[PDB]
Amino acid sequence: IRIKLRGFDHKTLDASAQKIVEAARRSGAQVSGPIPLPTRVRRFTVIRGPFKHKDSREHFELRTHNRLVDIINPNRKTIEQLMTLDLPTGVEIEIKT
Amino acid sequence: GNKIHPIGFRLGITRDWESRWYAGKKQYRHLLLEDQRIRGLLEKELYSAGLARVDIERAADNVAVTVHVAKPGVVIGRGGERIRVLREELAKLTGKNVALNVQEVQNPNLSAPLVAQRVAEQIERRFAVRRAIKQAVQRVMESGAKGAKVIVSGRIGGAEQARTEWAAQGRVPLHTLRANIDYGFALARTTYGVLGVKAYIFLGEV
Amino acid sequence: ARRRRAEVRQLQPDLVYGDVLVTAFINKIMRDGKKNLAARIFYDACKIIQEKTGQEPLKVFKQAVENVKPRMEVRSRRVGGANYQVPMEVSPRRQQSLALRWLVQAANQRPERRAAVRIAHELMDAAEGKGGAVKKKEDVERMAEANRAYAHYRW
Amino acid sequence: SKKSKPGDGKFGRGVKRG
Amino acid sequence: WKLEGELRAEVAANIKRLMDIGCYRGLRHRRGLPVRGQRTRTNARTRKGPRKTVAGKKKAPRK
Amino acid sequence: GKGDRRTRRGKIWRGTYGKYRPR
Amino acid sequence: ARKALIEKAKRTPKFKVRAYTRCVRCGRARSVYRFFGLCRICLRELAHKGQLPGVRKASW
Amino acid sequence: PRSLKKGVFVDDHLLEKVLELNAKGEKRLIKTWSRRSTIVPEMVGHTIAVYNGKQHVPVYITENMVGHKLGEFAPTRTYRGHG
Amino acid sequence: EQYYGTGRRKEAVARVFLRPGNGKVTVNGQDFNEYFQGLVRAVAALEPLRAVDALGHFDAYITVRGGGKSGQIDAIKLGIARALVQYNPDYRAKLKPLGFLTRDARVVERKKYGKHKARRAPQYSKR
RNA sequence: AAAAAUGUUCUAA
RNA sequence: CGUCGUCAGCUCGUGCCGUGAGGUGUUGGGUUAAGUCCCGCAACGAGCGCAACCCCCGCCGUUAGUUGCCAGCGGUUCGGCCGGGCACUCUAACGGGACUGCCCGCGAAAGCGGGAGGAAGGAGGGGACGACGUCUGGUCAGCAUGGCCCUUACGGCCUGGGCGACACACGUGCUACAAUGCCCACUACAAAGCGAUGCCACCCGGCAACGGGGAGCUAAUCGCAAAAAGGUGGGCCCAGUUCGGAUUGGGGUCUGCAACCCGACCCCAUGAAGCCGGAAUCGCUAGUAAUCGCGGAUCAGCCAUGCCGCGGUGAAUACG
Ligand SMILES: [Mg+2]
Ligand SMILES: [Mg+2]
Ligand SMILES: [Mg+2]
Ligand SMILES: [Mg+2]
Ligand SMILES: [Mg+2]
Ligand SMILES: [Mg+2]
Ligand SMILES: [Mg+2]
Ligand SMILES: [Mg+2]
Ligand SMILES: [Mg+2]
Ligand SMILES: [Mg+2]
Ligand SMILES: [Mg+2]
Ligand SMILES: [Mg+2]
Ligand SMILES: [Mg+2]
Ligand SMILES: [Mg+2]
Ligand SMILES: [Mg+2]
Ligand SMILES: [Mg+2]
Ligand SMILES: [Mg+2]
Ligand SMILES: [Mg+2]
Ligand SMILES: [Mg+2]
Ligand SMILES: [Mg+2]
Ligand SMILES: [Mg+2]
Ligand SMILES: [Mg+2]
Ligand SMILES: [Mg+2]
Ligand SMILES: [Mg+2]
Ligand SMILES: [Mg+2]
Ligand SMILES: [Mg+2]
Ligand SMILES: [Mg+2]
Ligand SMILES: [Mg+2]
Ligand SMILES: [Mg+2]
Ligand SMILES: [Mg+2]
Ligand SMILES: [Mg+2]
Ligand SMILES: [Mg+2]
Ligand SMILES: [Mg+2]
Ligand SMILES: [Mg+2]
Ligand SMILES: [Mg+2]
Ligand SMILES: [Mg+2]
Ligand SMILES: [Mg+2]
Ligand SMILES: [Mg+2]
Ligand SMILES: [Mg+2]
Ligand SMILES: [Mg+2]
Ligand SMILES: [Mg+2]
Ligand SMILES: [Mg+2]
Ligand SMILES: [Mg+2]
Ligand SMILES: [Mg+2]
Ligand SMILES: [Mg+2]
Ligand SMILES: [Mg+2]
Ligand SMILES: [Mg+2]
Ligand SMILES: [Zn+2]
């Protein structure tokens with residue numbers, strides 16, 4: 001019984017990790033605290049100017065942060081309760097067995 | 001030409017994106033297109049209301065556009081009946097349930113995008129370009145702003161020899177990240193060509 | 001440097017003879033960063049210097065270095081717009097450097113094919129007084145004794 | 001007397017045709 | 001395998017063949033230019049030979 | 001050398017494999 | 001040769017090989033990033049506005 | 001060269017123009033834009049006007065020019081030297 | 001039983017376990033002298049326990065991952081140097097004046113745009 | 001206490 | 001956007017000086033990487049700059065413990081593989097830590113020399129950040145945009161050609177001229193990234209490029225993957241060579257509607273110039289230069305030896 005979260009903003013990811021792990025801890029017991037998986041960075045290097053000024057670029061990255069959380073003893077008073085949560089917009093959740 | 005865009009410089013520190021969503025490599029772009037397409041509609045239609053910031057929020061097949069308009073009465077219409085005509089016309093290209101909030105503007109003379117648009121308007125309306133700069137920067141400071149700067153470029157007065165005119169009050173620490181600097185741009189079309197209007201408001205540090 | 005004197009790096013003593021002058025030397029043998037290669041070649045010549053002329057290598061090394069240390073050399077000066085050959089005395093640090101530099105250079109001049117044999121042979125000759133590296137040191141000292149007329153131009 | 005550079009001898013216009 | 005003098009002759013007959021049909025590789029063997037698509041603006045000295053330097057366009061004088 | 005396609009060295013350079021550098 | 005080439009790249013071609021990217025913002029044929037559907041310039045424009053989710057001027 | 005697991009390439013519209021001619025007792029002068037087409041043994045003794053980007057170069061076809069494309073026999077740059 | 005120290009140099013991280021015995025040094029299950037065969041700078045990783053005469057007193061069970069053999073060597077030197085003073089702290093004196101307690105943070109300077117390398121710049125010619 | 005000549009016309013934005 | 005130049009500078013409000021332009025302040029002594037700071041002063045303040053706030057790296061803590069880790073006991077086909085465990089390594093968020101804080105010495109002060117604790121010391125290394133302005137600098141071909149111009153054509157579709165030409169000349173590079181090297185076999189140690197008409201394990205065919213089968217992976221799990229210089233061992237013996245791998249002949253493979261012009265790769269053969277480069281000339285002050293390999297964007301493929309990054313090995317020298 002597992003959940004993994006994804007986001008471009010770690011402040012939203014790290015927050016909704018705790019408010020998830022806690023809610024299962026509410027109707028617990030056993031939850032495996034949020035693990036930070038390594039972040040996957042997609043970089044973009046761009047010529048700074050619109051014309052011909054090759055030796056001047058500017059950088060850009062895209063961080064997809066990764067959190068995994070495990071709930072051990074289901075207790076269907078969270079397999080019910082979790083469905084009603086408050087997850088901000090910059091976050092995607094995959095749930096697993 | 002040297003200076004960095006002060007908002008792209010503060011993303012993550014003082015400034016939040018105009019789009020909040022994760023999406024994967026396989027369909028990020030397609031969301032970006034709608035995003036750009038959406039704003040086009042609303043800057044095209046809600047310019048008259050004094051548009052300032054289109055925040056676009058996404059969860060899954062339901063999108064949450066949020067307009068920041070100076071006079072929201074020009075948006076809602078006959079009691080939700082203009083908002084409706086576009087709360088619908090948005091889904092006409094959205095395809096998703098396009099939930100559309102309108103948010104008040106705290107003080108328009110503290111929204112750099114607006115100051116720009118208004119100076120741009122005045123120079124599109126044949127006023128004295130030097131005057132409009134010194135006036136806008138005055139109005140902003142009266143509004144408790146801790147510093148404000150405005151910049152015009154192009155053929156001021158239709159003068160053949162293009163020029164750059166600016167004026168600044170208070171203080172504008174562009175090299176400081178903890179400085180909250182609302183920066184907006186407006187573009188001024190005239191019979192003689194185009195002029196660029198840049199407005200910097202120091203809202204204060206954090 | 002302009003603002004301040006450069007600081008002399010202290011190198012790590014070598015692992016066999018615990019000597020920094022060995023390190024400086026192995027560092028001069030090294031090209032393209034392949035220090036493990038240059039270590040081998042130096043140490044390998046200590047085998048050849050142990051056998052040939054049975055003596056303690058570290059001593060045959062140190063004596064050859066000392067015998068190459070140049071005490072004089074001309075440098076250029078300017079007075080007016082002159083391009084002078086002013087004899088000056090060599091600082092102890094530079095003394096050591098040029099000597100290590102020339103040793104290696106004379107070594108790669110030598111006609112033997114494998115490197116450590118080239119080193120070992122320029123090292124024996126130079127601790128005895130022959131050797132391309134000693135020719136170069138004496139050449140330097142000769143021209144300095146030559147232009148002693150422009151010594152009052154020293155700084 | 002057509003599109004871009006080099007010029008075809010008419011003012012403003014070049015040798016390239018469409 | 002075939003060798004020293006015979007190989008040379010078969011190599012020769014192939015080149016000889018291409019120039020006879022008048023194909024592209026044949027012409028590049030006639031003019032002694034590259035055959036495998038190399039640039040000839042600035043290289044090809046193996047194929048072209050020593051540099052036959054000629055005069056260049058003159059810069060204008062001031063005044 | 002690296003320009004020699006017919007060696008383990010030249011295949012490491014052109015990033016290819018073959019008889020002269022298998023996998 | 002601009003607009004009729006904005007259209008043509010959209011059209012599905014007579015052959016697979018004739019497909020090519022264009023910036024969807026400005027029409028640029030060159031320097032088009034697949035992830036964004038954008039040329040390297042429009043990329044830098046929309047980025048600095050924060051209109052690009054999660055994208056941030058890197059530094060290290 | 002083209003993977004011989006696959007065919008030997010002729011545009012199929014120039015080949016048709018030949019076989020017909022073979023049938024009815026050829027030869028008409030054959031013009032075409034398929035420089036990429038291979039010289040095929042059916043072609044030998046015809047003359048195919050090949051396009052060089054400007055003109056249709058007339059090309060006679062002999063048994064020894066068979067492994068080739070037709071474009072090999074109509075060059076596209078007219079050079080004639082410097083001087 | 002064991003006295004541990006963590007050692008890092010230049011992307012190389014090493015875990016040293018100091019256990020007393022004859023002298024057996026051992027890295028990732030392979031023998032020490034078998035793991036650094038022919039790498040003449042091997043004996044540097046052991047220099048710490050010469051400075052405190054611990055040479056044959058100990059054995060050492062060591063693990064390394066990251067960087068290369070040399071970075072792993074100066075990692076080990078630091079970890080054992082800390083493992084040692086994590087067996088008694090009086091060893092710190094006479095170990096610090098030989099820099100054994102410090103980690104050199106010399107890292108591979110990143111490449112900058114407009115160069116070939118970190119600071120090696122493209123070749124100039126005015127015209 | 002100084003090796004070493006020169007910079008076409010109109011315009012200076 | 002380039003650039004002067006991350007150079008230390010550019011100004012303003014009021015007061016004062018001058019008929020006026022303008023001056024003062026911003027000069028002066030000392031200091032600093034810095035118009036940094038101190039002291040002095042008809043000036044007293046203030047703004048744009050410098051620094052700082054942001055990011056990576058260096059030490060430590062907390063929070064976590066799977067896909068990551070294996071210290072100690074239990075198994076084990078001997079693979080952290082299974083029991084277990086999260087100590088450690090790491091991973092990724094939040095903190096602590098350095099401030100000339102302390103001691104000595106100089107000094108009016110700011111600071112400066114040196115010392116101790118300390119992972120780290122004088123801004124710890126690196127990045128992001130670029131003043132008022134300059135150059136009628138660059139871009140009307142990314143975009144936007146005034147004015148001028150075309151309208152069965154200066155618009156639009158198509159096939160083919162060209163952008164790849166070659167008496168010549170310059171620039172930035174790749175590979176070398178060899179033995180501190182080249183070659184074969186065997187065996188070690190990275191970091192950062194990419195990967196569901198994708199990465200391809202592994203298995204057979206083929207000298208091979210490849211092909212055919214064929215598991216796993218929505219990826220800290222599965223794959224790209226082997227890093228390479230290195231280390232061990234053998235061969236070459238100073239030769240235009242077992243140095244160099246250009247050129248040309250032949251024979252294949254793959255992507256692709258299609259490789260003539262004009263693709264990459266593979267194998268046989270061929271095996272050029274080049275023996276360290278005239279006048280001249282470039283880069284780099286430390287994990288730097290040099291040398292070694294790896295990855296990514298673009299992308300069917302690729303003319304990439306280019307570019308942007310990544311770690312391995314690791315110097316010399318700075319008197320002035
Ligand atoms: Mg360049
Ligand atoms: Mg008009
Ligand atoms: Mg021309
Ligand atoms: Mg003409
Ligand atoms: Mg046309
Ligand atoms: Mg060509
Ligand atoms: Mg004249
Ligand atoms: Mg294409
Ligand atoms: Mg494209
Ligand atoms: Mg490196
Ligand atoms: Mg240049
Ligand atoms: Mg004179
Ligand atoms: Mg004259
Ligand atoms: Mg100045
Ligand atoms: Mg005044
Ligand atoms: Mg007065
Ligand atoms: Mg004044
Ligand atoms: Mg000044
Ligand atoms: Mg001044
Ligand atoms: Mg002044
Ligand atoms: Mg003055
Ligand atoms: Mg400075
Ligand atoms: Mg003063
Ligand atoms: Mg790290
Ligand atoms: Mg813990
Ligand atoms: Mg700054
Ligand atoms: Mg101009
Ligand atoms: Mg345009
Ligand atoms: Mg125009
Ligand atoms: Mg070209
Ligand atoms: Mg030349
Ligand atoms: Mg190149
Ligand atoms: Mg060159
Ligand atoms: Mg690869
Ligand atoms: Mg030969
Ligand atoms: Mg010769
Ligand atoms: Mg040979
Ligand atoms: Mg060879
Ligand atoms: Mg061939
Ligand atoms: Mg082709
Ligand atoms: Mg030779
Ligand atoms: Mg040279
Ligand atoms: Mg420097
Ligand atoms: Mg090399
Ligand atoms: Mg590459
Ligand atoms: Mg590619
Ligand atoms: Mg080519
Ligand atoms: Zn674009």
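Below, all heavy atoms of this structure are taken into account, side chains as well, without hydrogens, waters or symmetry copies. Just so it is clear: chains get the letters A, B, ... in the order the sequence lines come, proteins before strands, and each one is counted from 1.
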Are any of the side-chain heavy atoms of B/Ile4 and G/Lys57 separated by less than 4.5 Å? yes
May I ask you to evaluate whether I/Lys69 reaches the phosphate of K/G312, defined as a side-chain N or O under 4.0 Å from OP1 or OP2? no
So, is B/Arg10 near the phosphate of K/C54, with a side-chain N or O under 4.0 Å from OP1 or OP2? no
Taking the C1' atom of each, how far is K/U197 from K/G312, in whole Å? 39 Å
Confirm or reject stacking between K/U26 and K/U27, applying the criteria of under 5.5 Å between six-membered ring centres and under 30° between their planes. no
Would you classify H/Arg80 as touching base, sugar-phosphate or nothing, given that sugar-phosphate means primed atoms plus P, OP1 and OP2, and contacts are heavy atoms under 4.0 Å? nothing
What's E/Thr40 touching, base or sugar-phosphate or nothing? Going by heavy atoms closer than 4.0 Å. base
Would you call K/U62 and K/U63 stacked when the test is ring centres under 5.5 Å and planes under 30°? yes
Rounded to whole Å, CD of B/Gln169 lies from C1' of K/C12 at a distance of 12 Å
Determine the Euclidean distance between corresponding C1' atoms of K/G195 and K/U221; express it in Å to zero decimal places. 15 Å
When we call it a touch if two heavy atoms are under 4.0 Å apart, what does B/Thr176 touch: a base, just sugar-phosphate, or nothing? base
Within the structure shown, what part of the strands sits under 4.0 Å from G/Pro13 by heavy-atom distance: base, sugar-phosphate, or nothing? nothing
If you compare every side-chain N and O of I/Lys96 against the phosphate oxygens of K/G118 (OP1, OP2), does one of them come in below 4.0 Å? yes
Just checking, I/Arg19 and I/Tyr61: is the charged tip under 6.0 Å from the six-membered ring centre and within 45° of the axis? yes
Of the nucleotides K/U159, K/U67, K/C166, which has the atom closest to the A/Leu68 side chain? K/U67
K/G9 with K/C48: Watson-Crick or G-U wobble pair, both contacts under 3.5 Å? yes
Reckon I/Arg106 has a side-chain N or O less than 4.0 Å from the OP1 or OP2 of K/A119? no
Counting the atoms with a prime plus P, OP1 and OP2 as sugar-phosphate, which does I/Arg119 contact under 4.0 Å by heavy atoms, base, sugar-phosphate, or nothing? sugar-phosphate
On a whole-Å scale, what distance lies between the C1' atoms belonging to K/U241 and K/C183? 13 Å
Distance check: side-chain N/O of B/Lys3 vs OP1/OP2 of K/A131, anything under 4.0 Å? yes
K/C310 phosphate, OP1 or OP2, under 4.0 Å from G/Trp60 side-chain N/O: yes
Stacked pair K/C207/K/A208, ring centres under 5.5 Å, planes under 30°: yes
Which part of the nucleic acid does H/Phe73 contact within heavy-atom distance under 4.0 Å: base, sugar-phosphate only, or nothing? nothing
Would you indicate what E/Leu7 reaches in the nucleic acid, counting non-hydrogen atoms under 4.0 angstrom: base, sugar-phosphate, or nothing? sugar-phosphate
Reading RNA chain J 5' to 3', what string of ( ), [ ], | and . shows its pairs, if Watson-Crick and G-U wobble pairs count only when both distances fall under 3.5 Å? .............
Establish, for the pair F/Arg23 and F/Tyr17, whether the NZ or CZ atom is under 6.0 angstrom from the six-membered ring centre and no further than 45 degrees off its axis. yes
Just to confirm, is there a sub-4.0 Å distance from OP1 or OP2 of K/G160 to any side-chain nitrogen or oxygen of H/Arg35? no
Give a yes/no on whether any side-chain N or O of E/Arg47 is located under 4.0 angstrom from OP1 or OP2 of K/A246. no
Base, sugar-phosphate, or nothing: which does A/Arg63 touch, judged by heavy atoms less than 4.0 Å apart? nothing
Take atom NZ of I/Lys117 and atom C1' of K/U285, then tell me their distance rounded to the nearest Å. 14 Å
Phosphate-side-chain proximity, C/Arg2 and K/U285, N/O vs OP1/OP2 below 4.0 Å: no
Are any of C/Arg94's side-chain N or O atoms less than 4.0 Å away from OP1 or OP2 of K/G320? no
Quick check on RNA chain K: between E/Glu10 and A/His53, whose nearest nucleotide comes earlier from the 5' end? A/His53
Are OP1 or OP2 of K/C308 and a side-chain N or O of I/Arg110 less than 4.0 angstrom apart? no
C1' gap between K/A33 and K/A8, integer Å: 11 Å
Find out whether the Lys NZ or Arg CZ of A/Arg43 is both under 6.0 angstrom from the six-membered ring centre of G/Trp60 and within 45° of the ring's axis. yes
Check whether the six-membered base rings of K/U241 and K/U242 have centres under 5.5 Å apart and planes under 30 degrees from each other. no
Flag yes if more than 12 heavy atoms outside G/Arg30 fall under 6.0 Å of its CZ atom; otherwise flag no. no
Does a side-chain N or O of F/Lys2 approach OP1 or OP2 of K/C292 to a distance below 4.0 Å, or not? yes
When the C1' atoms of K/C260 and K/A229 are compared, how many Å lie between them, rounded to an integer? 44 Å
Indicate, with a heavy-atom threshold strictly under 4.0 Å, whether F/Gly1 touches base, sugar-phosphate, or nothing. sugar-phosphate
Please classify the nucleic acid contact of H/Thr78 as base, sugar-phosphate, or nothing, using heavy-atom distances under 4.0 Å. nothing
For K/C302 and K/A264, measure between their P atoms and round to the nearest Å. 10 Å
Nearest to the side chain of A/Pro36, heavy atoms from C-beta on, is which of K/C260, K/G127, K/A92? K/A92
Taking NZ, NE, NH1 and NH2 as the nitrogens, is one of them in C/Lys34 or C/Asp32 under 4.0 Å from a carboxylate oxygen of the other? no
Considering only atom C1', compute the distance from K/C17 to K/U27 and round it to an integer number of Å. 15 Å
Under 4.0 Å from OP1 or OP2 of K/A259: is there any side-chain N or O of H/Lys69 that close? yes
Give none if K/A167 has no partner; otherwise give the nucleotide forming a Watson-Crick or G-U wobble pair with it, both distances under 3.5 Å. none
K/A52: pairing nucleotide in any strand, Watson-Crick or G-U under 3.5 angstrom: none
Taking the P atom of each, how far is K/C262 from K/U255, in whole Å? 25 Å
Can I/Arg41 and I/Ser70 be counted as having a side-chain donor-acceptor contact under 3.5 angstrom? yes
Expected rows: protein N/O vs nucleotides 210-212 of chain K N/O, under 3.5 Å:
| from | atom 1 | to | atom 2 | distance (Å) |
| --- | --- | --- | --- | --- |
| K/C210 | OP2 | F/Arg23 | NH2 | 3.2 |

Does the salt bridge (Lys or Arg N to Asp or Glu O under 4.0 Å) test come out yes or no for B/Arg178 and B/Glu205, once each step is laid out? CA-CA 5 Å; B/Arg178 93 172 126 256; B/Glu205 333 177 25; 3.1 Å; yes
Side-chain N or O of I/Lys111 versus OP1/OP2 of K/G309: is the shortest distance under 4.0 Å? yes
So K/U91 and K/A64, Watson-Crick or G-U wobble pair with both distances under 3.5 Å, or not? yes
Earlier contact from the 5' end, RNA chain K, for B/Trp166 and F/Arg14: B/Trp166
Please state yes or no: are the six-membered rings of K/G58 and K/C59 less than 5.5 angstrom apart at their centres, with planes tilted under 30 degrees? no
Determine whether the aromatic ring of G/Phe15 stacks with the base of K/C257, defined as ring centroids separated by less than 5.5 Å and ring planes inclined by less than 30°. yes
